[PDB]
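One structure is given here, and the rest of the page talks about it.
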Amino acid sequence: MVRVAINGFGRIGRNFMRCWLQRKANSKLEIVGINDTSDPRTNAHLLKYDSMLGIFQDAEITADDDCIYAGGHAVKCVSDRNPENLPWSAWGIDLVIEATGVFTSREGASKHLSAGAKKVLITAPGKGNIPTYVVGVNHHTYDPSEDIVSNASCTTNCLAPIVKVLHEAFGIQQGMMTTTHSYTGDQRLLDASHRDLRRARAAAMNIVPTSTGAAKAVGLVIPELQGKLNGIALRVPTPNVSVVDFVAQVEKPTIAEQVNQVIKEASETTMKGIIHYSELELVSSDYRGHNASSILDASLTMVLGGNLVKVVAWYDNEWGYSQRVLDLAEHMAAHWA
Amino acid sequence: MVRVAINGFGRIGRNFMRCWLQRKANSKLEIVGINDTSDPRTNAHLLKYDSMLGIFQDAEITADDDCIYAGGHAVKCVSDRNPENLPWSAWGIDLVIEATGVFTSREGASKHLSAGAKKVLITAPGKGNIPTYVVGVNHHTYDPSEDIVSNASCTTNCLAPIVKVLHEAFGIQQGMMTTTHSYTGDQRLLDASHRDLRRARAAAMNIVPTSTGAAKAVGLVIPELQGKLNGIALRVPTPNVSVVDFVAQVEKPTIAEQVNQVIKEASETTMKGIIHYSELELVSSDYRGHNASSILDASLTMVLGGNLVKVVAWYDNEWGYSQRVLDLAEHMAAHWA
Amino acid sequence: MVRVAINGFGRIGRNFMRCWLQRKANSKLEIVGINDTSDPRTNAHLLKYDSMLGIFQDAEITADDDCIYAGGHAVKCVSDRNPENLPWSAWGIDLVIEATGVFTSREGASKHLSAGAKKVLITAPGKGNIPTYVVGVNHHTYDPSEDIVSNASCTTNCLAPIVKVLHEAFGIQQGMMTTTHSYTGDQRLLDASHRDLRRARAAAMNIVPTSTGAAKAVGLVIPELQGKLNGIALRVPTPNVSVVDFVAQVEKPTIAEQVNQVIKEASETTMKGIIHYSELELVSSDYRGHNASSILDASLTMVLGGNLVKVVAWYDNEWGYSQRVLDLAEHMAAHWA
Amino acid sequence: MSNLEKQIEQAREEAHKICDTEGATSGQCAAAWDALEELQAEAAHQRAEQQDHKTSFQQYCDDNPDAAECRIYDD
Amino acid sequence: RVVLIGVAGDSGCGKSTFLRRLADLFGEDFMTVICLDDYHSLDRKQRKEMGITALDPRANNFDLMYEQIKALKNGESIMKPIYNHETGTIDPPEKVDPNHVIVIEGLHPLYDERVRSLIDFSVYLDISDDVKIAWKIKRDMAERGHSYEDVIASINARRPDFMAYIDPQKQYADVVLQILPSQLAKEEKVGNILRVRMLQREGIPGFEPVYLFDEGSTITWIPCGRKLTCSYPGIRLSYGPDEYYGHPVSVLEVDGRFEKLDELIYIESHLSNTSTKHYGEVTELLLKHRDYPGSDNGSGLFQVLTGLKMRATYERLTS
Ligand SMILES: NC(=O)c1ccc[n+]([C@@H]2O[C@H](COP(=O)([O-])OP(=O)(O)OC[C@H]3O[C@@H](n4cnc5c(N)ncnc54)[C@H](O)[C@@H]3O)[C@@H](O)[C@H]2O)c1
Ligand SMILES: NC(=O)c1ccc[n+]([C@@H]2O[C@H](COP(=O)([O-])OP(=O)(O)OC[C@H]3O[C@@H](n4cnc5c(N)ncnc54)[C@H](O)[C@@H]3O)[C@@H](O)[C@H]2O)c1
Ligand SMILES: NC(=O)c1ccc[n+]([C@@H]2O[C@H](COP(=O)([O-])OP(=O)(O)OC[C@H]3O[C@@H](n4cnc5c(N)ncnc54)[C@H](O)[C@@H]3O)[C@@H](O)[C@H]2O)c1
């Protein structure tokens with residue numbers, strides 16, 4: 001049993017905690033420590049009453065000022081912004097889950113390793129050559145001495161299994177993407193001062209575009225496509241779920257039905273539990289809480305000229321990404337060294 | 001002076017009326033008739049108090065049950081759903097502006113021609129071989145005996161000048177597009193019964209995808225690219241403005257700066273007043289009421305592998321499209337036959 | 001067992017069907033007929049995938065063009081706007097549930113009685129002296145020969161139990177209310193033509209005010225307060241749940257804690273299952289799907305001058321109102337005559 | 001169908017009569033069976049059009065298209 | 001310009017799915033449909049009085065149809081009469097206009113020789129009598145009219161003049177599609193799986209043949225094997241040069257039932273001169289309508305192949 005911790009009890013942290021509360025019996029992981037910038041009275045309320053996933057129902061949530069009782073299970077909790085003053089060796093922490101969006105560097109994330117933690121899994125595309133791993137693509141090829149691992153962004157975590165399937169079946173020369181992304185917490189609500197100008201504007205009002213390198217992270221997790229994948233993101237006023245457009249330029253020519261057939265059988269042989277395949281005419285809010293990290297929308301797949309394919313993929317960047325974080329954490333627990 | 005009329009006093013009709021009230025002096029057009037399914041008391045209020053363009057300020061709006069006084073200028077108004085019972089020859093109508101979204105066929109739109117109107121300009125991609133014309137691409141090449149002309153959709157009206165510039169400068173083999181579209185009036189507000197299932201769902205809540213053929217209408221207005229352009233649309237909860245992504249596969253290789261240079265000089269030589277060029281980091285709501293039919297967003301243009309270009313274009317599908325409708329109407333007034 | 005039917009498979013109809021699917025075993029009601037203006041293929045999809053209550057999970061939903069199989073249970077379905085051409089006696093219908101928002105008159109609703117139905121329960125404040133009944137206030141005092149009964153609006157259905165408790169405990173001279181109401185389907189999405197001008201404007205953008213007489217319907221269901229209760233409504237851009245403010249002028253003086261005590265014990269003795277009492281600092285979206293028809297918000301109750309009380313009540317106007325409709329339907333099944 | 005419903009059985013009676021009586025192999029009763037097959041063909045054309053009977057949408061949007069149930073702004 | 005397409009068969013005018021596949025290919029904007037039962041001389045009353053079928057070269061005004069057909073080339077809107085089908089009578093005519101593509105289809109689209117000199121591309125569509133019986137059993141079984149098994153005796157009574165009147169037209173058509181009972185499958189009803197073959201004619205330029213791996217050497221190919229897991233019974237193609245009625249033809253022939261996708265793209269990757277601007281375009285045109293009758297067998301393959309050759313002839317005629 002592996003004692004794990006959570007740095008930053010935000011959206012990813014609350015979803016990680018809720019996922020572990022829903023996957024408790026099959027777990028080699030026991031969540032024993034969290035730390036947020038809030039007191040332990042508030043974040044227990046925010047855990048129980050999520051305005052996106054409704055009221056939690058299965059287990060009882062309560063807290064006092066030093067611990068949080070989730071379903072009778074106790075969990076410790078502290079508050080500090082310095083990662084160096086944190087009781088890790090005092091709590092016996094193998095794996096800490098970096099989810100603050102602050103400690104993306106190696107030198108930032110390694111502060112927990114210095115302060116007495118054994119491995120760190122950071123839920124962000126980290127700066128510098130941090131080894132990145134996506135469940136369903138290359139979650140096998142990590143060396144267990146790599147204590148500082150990184151899951152990529154949610155967009156990369158959705159996009160990379162589709163790109164893996166299409167690269168194996170057809171071969172990819174180039175590829176664009178344009179993810180229509182739900183608004184995240186970084187954007188200011190009204191027009192307030194912010195480091196980047198396109199995130200400074202109002203979130204509920206605007207399609208704000210942004211440039212991301214998270215398309216290039218597929219070139220990290222798939223090495224032979226690096227420098228060939230690039231794309232932008234569009235933040236639109238939907239709170240939870242998002243869709244990603246993906247334009248690839250394959251070289252083995254095909255039609256629109258065949259790529260759907262390929263991804264449909266890949267959903268049932270290898271990418272089971274990663275890619276779901278849906279031939280329904282659903283819309284965005286029917287994917288709040290879906291377990292797969294990419295639902296391929298079947299009716300919109302199209303091929304022009306044989307060698308130019310477009311797919312779109314629904315994905316929940318708050319629930320499915322947390323599911324892949326927890327699956328990667330359990331998969332590194334199963335190969336603990 | 002050409003006596004013109006408006007069928008359907010909806011969003012496009014109110015914006016057309018507001019544009020003509022703002023471009024009155026240079027006009028060979030006099031708006032003399034409208035008809036909506038509402039009484040003349042209500043739609044004058046809806047003209048004066050638009051919840052998108054604010055309160056109209058320049059001229060006074062009032063009405064009684066038979067006429068509407070806009071700034072002292074009188075305009076007639078009636079209400080009928082049958083186009084065959086309409087006083088056109090009784091009012092002396094050269095050009096009627098079809099804007100109901102109902103009469104897209106030739107046989108539907110020709111009912112006004114039968115009922116006593118001389119020309120009809122329909123603001124929709126019509127079914128059947130109706131001659132379509134976009135201002136800035138092929139607004140010259142219409143024969144003035146073509147009395148039933150069609151402006152295309154707003155997405156096509158934005159996209160086609162960019163595709164014209166890139167086809168002339170580089171040559172296009174294939175091309176995709178994915179417009180992130182503002183929600184239109186066709187979608188039901190709550191989940192209500194509707195002919196298409198993806199428009200049946202809630203508009204304020206959801207990214208609803210839809211398949212459109214309005215990308216193929218570029219292949220109508222540019223003949224040598226027909227069957228090479230296709231794309232989908234994403235309706236997101238923004239009320240007014242929208243952005244269109246466009247992925248082309250050019251064959252003359254280039255870089256990202258050069259296509260920006262080409263479109264920047266095309267903004268100043270030929271597409272002046274059609275395409276604006278913006279090197280600012282703006283967001284969506286800074287294009288409410290912009291006069292150009294496509295604002296090219298400069299910072300997001302990218303080229304992979306030399307022969308694969310992506311541009312994005314802001315465009316207002318309620319104001320700029322009305323501007324192009326009124327420009328096409330004046331341009332057919334200037335070549336009246 | 002009572003064979004029942006649903007006129008208009010909209011929000012109230014889909015919620016009624018979902019409630020009966022969740023309360024099947026304790027039911028003397030079997031839903032055997034629905035009719036909407038849509039085909040039976042579409043509304044089964046809209047039943048299964050609600051963008052407000054998520055995907056339905058307990059039973060399987062499928063359909064063909066003549067029947068709908070909900071969890072193996074078959075239900076008939078037809079489409080007609082004329083209520084006079086409907087197979088009621090051909091289907092053996094005791095109670096039809098009017099939920100179109102069209103047939104509010106006695107002469108409109110009695111068309112089903114003429115066409116071969118035995119009782120009609122209309123889910124709207126009907127025009128004319130239709131006997132209105134609220135579960136929890138006067139659901140006992142209906143005569144079973146009254147075949148045309150009316151449940152009131154959702155605002156009245158929330159407000160009247162609180163007014164009953166405060167009138168019994170303190171006595172009410174006068175009373176105002178101002179319900180902050182979620183947007184309903186009647187409002188146009190963009191600024192479109194509509195019979196009332198304040199509902200003609202955009203729903204996602206605006207606090208639109210409206211005048212309602214649904215406060216006066218408390219004076220129907222409580223007879224000694226008629227002509228003493230009046231209030232307005234505010235429609236704000238939230239899709240599901242709403243809150244009602246209520247200012248009463250009591251005459252027996254008291255403090256803010258005592259009215260909370262009165263309503264708390266009334267929640268546990270008489271209004272159990274009608275009024276829930278919450279001393280949490282919750283917000284709106286934590287009441288999506290709550291079973292009570294009024295959650296009294298405890299922290300905001302205030303009394304000025306002893307004789308002037310203000311309460312606020314959360315209530316879900318799409319789920320709890322459907323629950324009260326189904327409870328009234330079962331309660332008229334239990335006293336069938 | 002009632003008219004052609006009767007007329008097919010009438011021509012079937014004639015097919016039993018004229019091609020047992022006035023020559024089983026000649027142009028007359030071959031014209032009779034050709035007629036009965038055309039009656040059958042128009043029964044088939046009636047049958048396929050009644051298979052394509054729309055339920056509601058190609059009626060309510062046939063007569064009144066701009067209602068909110070079938071506005072399509074294919075844009 | 002005016003182009004012209006002749007279709008021949010007794011599948012009912014406008015009552016066959018080949019016109020539906022042409023509609024999916026061209027569009028009813030670019031083409032118009034002309035039935036040819038409209039040019040009947042007189043009615044079923046006069047058919048009973050004259051003792052004559054609807055197949056007689058007396059029974060049609062073959063000259064006025066020629067005058068309208070020649071006036072179609074000159075651009076003017078033609079005025080064609082209409083056979084009132086329920087009564088057998090004749091409507092006063094309708095004024096219809098020419099289009100980009102004009103089709104002609106009926107029992108005698110090709111019996112006249114001046115219009116045989118006029119038609120730009122011709123298709124006969126043959127049916128064997130067995131699947132005639134298997135389609136009439138479905139005709140009187142789905143309708144439940146209870147008129148079966150003497151329609152068997154209507155078949156051979158309809159037969160002899162039909163072979164005199166209609167079947168010598170196929171000696172002048174370009175492409176003729178025969179549909180046979182399947183030699184491959186035996187334990188079914190006699191109309192499930194078809195053995196279809198499109199005898200196409202060499203000579204007249206613009207029309208290429210579509211040859212399987214070689215022009216002019218008979219080759220019977222079964223695509224089952226290392227890359228396709230065939231179901232029962234799978235496909236068995238054919239090909240062969242031949243001389244039908246003393247004319248250089250090239251039969252391309254398919255027996256089997258298409259059960260899935262990869263076995264229908266793998267066949268299409270190996271046909272040649274199929275005149276596509278688009279890879280797999282024939283498979284897309286198969287699967288734009290999964291509900292059409294005969295999509296699962298070679299009939300839907302051959303019909304869209306002929307229509308694709310009609311695209312080729314149209315592009316040859318319009319440059
Ligand atoms: N938002 C998403 O859906 C999503 C999806 C994928 C990945 N991510 C990544 O997850 C990370 C966090 O996302 P989020 O939505 O939970 O962020 P958030 O800002 O909503 O929550 C982060 C939490 O961490 C706390 N925190 C910040 N710095 C801290 C520090 N130094 N010490 C302690 N607590 C600290 C914040 O105050 C807050 O409580 C970011 O890297 C984000 O890019 C987000
Ligand atoms: N919404 C946009 O921003 C946009 C952009 C480009 C093009 N268009 C096209 O413009 C058309 C109308 O758009 P809109 O937003 O104004 O539509 P709308 O539905 O908001 O308004 C249309 C108006 O016409 C009325 N109307 C409908 N049928 C009528 C009839 N038979 N007789 C009289 N009045 C009738 C409606 O009741 C309403 O008043 C559609 O074809 C749409 O696709 C819309
Ligand atoms: N919206 C709410 O939350 C709420 C709450 C309480 C009461 N109500 C009342 O419930 C009623 C319906 O509410 P809703 O949101 O379901 O309405 P809705 O408009 O969303 O759905 C009504 C359904 O009935 C159909 N319909 C309308 N007229 C019809 C006719 N003549 N024949 C057949 N079908 C017809 C509509 O097309 C639609 O399918 C209204 O009286 C409303 O005031 C609504």
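Naming works like this for the structure tokens: A, B, ... for the chains as they're shown, residue 1 at the start of each chain, ligands 1 onward in shown order.
For chain C, the residues within 7 Å of chain D are residues 38, 39 and 79 of chain C, with only C-alpha atoms used to measure distance.
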Pull N, CA and C atoms from the residues just selected and write them as a tab-separated table (two decimals), in the first residue's frame.
```tsv
chain	number	residue	atom	x	y	z
C	38	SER	N	-43.16	16.15	-31.85
C	38	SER	CA	-42.03	15.48	-32.48
C	38	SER	C	-42.35	14.01	-32.72
C	39	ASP	N	-41.56	13.41	-33.59
C	39	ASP	CA	-41.64	12.00	-33.85
C	39	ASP	C	-41.17	11.20	-32.64
C	79	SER	N	-48.70	11.90	-32.34
C	79	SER	CA	-48.39	13.30	-32.55
C	79	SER	C	-49.59	13.98	-33.19
```
Worksheet entry | Spatial neighbours of residue 191 in chain A, max dist 10 Å, only C-alpha atoms, sep filter under 4 positions, as an MDAnalysis selection string | chainID A and resid 187 197 199:203
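When DSSP reads the backbone of this structure, the residues of range 45-80 of chain E it assigns to alpha helix (DSSP H) are residues 45, 46, 47, 48, 49, 50, 62, 63, 64, 65, 66, 67, 68, 69, 70, 71, 72 and 73 of chain E.
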Would you save the residues of that selection, restricted to N, CA, C and O atoms, as a tab-separated table (two decimals), in the first residue's frame?
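Result file follows (out.tsv):
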```tsv
chain	number	residue	atom	x	y	z
E	45	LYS	N	-58.06	1.22	-72.16
E	45	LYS	CA	-59.29	0.91	-72.87
E	45	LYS	C	-58.99	0.55	-74.32
E	45	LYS	O	-59.44	-0.48	-74.82
E	46	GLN	N	-58.21	1.39	-75.01
E	46	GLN	CA	-57.85	1.06	-76.38
E	46	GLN	C	-56.81	-0.04	-76.45
E	46	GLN	O	-56.68	-0.67	-77.50
E	47	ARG	N	-56.07	-0.30	-75.37
E	47	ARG	CA	-55.26	-1.50	-75.33
E	47	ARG	C	-56.13	-2.75	-75.30
E	47	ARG	O	-55.79	-3.77	-75.90
E	48	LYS	N	-57.25	-2.67	-74.60
E	48	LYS	CA	-58.14	-3.82	-74.54
E	48	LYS	C	-58.92	-3.96	-75.83
E	48	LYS	O	-59.20	-5.09	-76.27
E	49	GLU	N	-59.26	-2.84	-76.46
E	49	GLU	CA	-59.98	-2.89	-77.73
E	49	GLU	C	-59.07	-3.37	-78.86
E	49	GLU	O	-59.46	-4.25	-79.64
E	50	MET	N	-57.86	-2.83	-78.95
E	50	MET	CA	-56.91	-3.24	-79.97
E	50	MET	C	-56.20	-4.54	-79.62
E	50	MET	O	-55.50	-5.09	-80.47
E	62	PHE	N	-43.81	7.84	-81.59
E	62	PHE	CA	-42.36	7.89	-81.62
E	62	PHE	C	-41.82	9.11	-82.35
E	62	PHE	O	-40.62	9.39	-82.25
E	63	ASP	N	-42.66	9.84	-83.07
E	63	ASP	CA	-42.16	10.99	-83.80
E	63	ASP	C	-42.23	12.26	-82.97
E	63	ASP	O	-41.31	13.08	-83.02
E	64	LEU	N	-43.29	12.44	-82.19
E	64	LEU	CA	-43.41	13.64	-81.38
E	64	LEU	C	-42.42	13.63	-80.22
E	64	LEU	O	-41.89	14.69	-79.85
E	65	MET	N	-42.12	12.44	-79.68
E	65	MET	CA	-41.04	12.34	-78.70
E	65	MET	C	-39.70	12.68	-79.34
E	65	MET	O	-38.86	13.31	-78.70
E	66	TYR	N	-39.53	12.36	-80.63
E	66	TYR	CA	-38.29	12.72	-81.30
E	66	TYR	C	-38.21	14.21	-81.53
E	66	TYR	O	-37.12	14.80	-81.46
E	67	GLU	N	-39.34	14.84	-81.82
E	67	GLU	CA	-39.35	16.28	-82.03
E	67	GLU	C	-39.04	17.02	-80.74
E	67	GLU	O	-38.25	17.98	-80.75
E	68	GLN	N	-39.62	16.58	-79.63
E	68	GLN	CA	-39.26	17.18	-78.34
E	68	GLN	C	-37.82	16.87	-77.97
E	68	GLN	O	-37.15	17.71	-77.38
E	69	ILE	N	-37.32	15.69	-78.34
E	69	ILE	CA	-35.96	15.32	-77.99
E	69	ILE	C	-34.96	16.15	-78.78
E	69	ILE	O	-33.92	16.55	-78.25
E	70	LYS	N	-35.26	16.41	-80.05
E	70	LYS	CA	-34.39	17.28	-80.83
E	70	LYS	C	-34.50	18.72	-80.36
E	70	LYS	O	-33.49	19.44	-80.33
E	71	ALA	N	-35.69	19.15	-79.94
E	71	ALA	CA	-35.85	20.49	-79.40
E	71	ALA	C	-35.19	20.64	-78.03
E	71	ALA	O	-34.94	21.77	-77.60
E	72	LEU	N	-34.93	19.52	-77.35
E	72	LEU	CA	-34.16	19.56	-76.11
E	72	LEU	C	-32.74	20.05	-76.36
E	72	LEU	O	-32.17	20.75	-75.52
E	73	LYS	N	-32.15	19.68	-77.50
E	73	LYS	CA	-30.79	20.11	-77.80
E	73	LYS	C	-30.72	21.61	-78.06
E	73	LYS	O	-29.70	22.25	-77.75
```
Sort by chain and increasing residue number a table of all residues of chain B within 6 Å of chain C, each with its closest pair of atoms and their distance in Å to one decimal, counting only C-alpha atoms, and write it as JSON lines.
```
{"residue": "B:185", "atom": "CA", "partner": "C:190", "partner_atom": "CA", "distance": 5.8}
{"residue": "B:189", "atom": "CA", "partner": "C:189", "partner_atom": "CA", "distance": 5.9}
{"residue": "B:190", "atom": "CA", "partner": "C:185", "partner_atom": "CA", "distance": 5.8}
{"residue": "B:193", "atom": "CA", "partner": "C:38", "partner_atom": "CA", "distance": 5.9}
```
Practice prompt. Taking only C-alpha atoms into account, report as a PyMOL selection string which residues of chain B lie within 12 Å of chain E.
Written response: chain B and resi 105-106+126-130+227-228
Discussion item. Using only C-alpha atoms and a distance of at most 8 Å, pull out the residues of chain D that contact chain E, as a PyMOL selection string.
Written reply: chain D and resi 4+25+27-35+39+41-42+44-45+47
Practice prompt. List all protein, DNA and RNA residues that have an atom no more than 9 Å from any atom of ligand 1, counting only C-alpha atoms and all ligand atoms, and report them as a PyMOL selection string.
Written response: chain A and resi 7-15+35-38+43+79-83+98-104+122-126+151-155+157+182-186+240-241+316-319+321-322
